[PDB]
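What follows is a single chain, given as structure tokens, in the form deposited in one PDB entry.
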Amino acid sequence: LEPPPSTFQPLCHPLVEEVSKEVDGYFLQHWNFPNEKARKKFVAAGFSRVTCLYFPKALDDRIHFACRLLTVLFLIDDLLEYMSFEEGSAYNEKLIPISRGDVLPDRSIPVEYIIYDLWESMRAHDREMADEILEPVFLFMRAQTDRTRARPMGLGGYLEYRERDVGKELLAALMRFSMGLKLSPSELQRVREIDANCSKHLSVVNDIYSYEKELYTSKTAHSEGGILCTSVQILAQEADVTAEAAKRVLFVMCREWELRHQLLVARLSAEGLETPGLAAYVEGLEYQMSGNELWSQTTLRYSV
């Protein structure tokens, strides 16, 4: 699959090597893997590497928080594929009061105390910004087991749903936390169209590279949890082409979304609405798009 030309230059956080070893090492000690093969596959995924590609301008003392969060969510994301929608919902809902810190974790259950200790440490570093990630994460978690996954969706309906299932808002709040980048409610409101456009890029780029993984999952995992829910399958179905043909077409659309990102950013500046914070923000969103693509093209999670 040859990617069409992009003007975006992907950037990686300079501390990616040490943070990856730190965070991978943490999960290897605490997380319950089924076997040595799974432990190797975990490291092979490079979960801290995505994070460092998503937020390359995160503060040096905050990047590890982001790596820990995306890592545990990735691990949960895989676990949910072997559960029903009901079981998956129960699993996630239990982690929500724990994430808030309102309920103590069962220290014998790794996922419970990993989540608790993480959010506690994040609030310890920056309480105000850590709290602003809470609701976006919960929105993402509840989307993962949404019944709409078991209903037919057009491309438009899917992308609207997938903004939550891909965790667009959490990525936004996580990015701001990691950068210590604060925005007023007025600034946040102004870039909503830019956010929605970015979400489609992230979602479809992931759909493109994770298709083989998710096709296999749909044939082997739970009938509900492993369900095939992706723009690749939808376009292939609607246009009556192969999945690989759908990928090539979708990749072209992703480049159009990149063009639209630049247009919207230019218009924000052409109008009076550009601020230093917003400039850093929309630039950060570009890194998410290019970083997500670079990681997707190289991670063993999708190629194996």
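Think of the rigid core as the biggest set of C-alphas that the two forms share within 1.5 Å after superposition. Residue numbers here begin at 1 and follow the sequence given.
A second form of this protein, the form deposited in another entry, is not displayed here; the remarks below concern that form.
Comparing the two forms between this form and the one not shown on the rigid core, the single residue of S99, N92, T71, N206 with a CA shift of 2 Å or greater is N206. Taking the rigid core as fixed, one finds a CA shift for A124 smaller than 2 Å between this form and the one not shown. Superposition on the rigid core between this form and the one not shown places the CA atom of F138 less than 2 Å from its counterpart. Once the rigid core is used as the reference frame, the Cα position of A245 differs between this form and the one not shown by 2 Å or more.
Relative to this form, in that other deposited form the C-alpha atoms of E135 and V166 approach one another by 3 angstroms or more.
CA of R151 to CA of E93: farther apart by 3 Å or more in that other deposited form than in the shown form.
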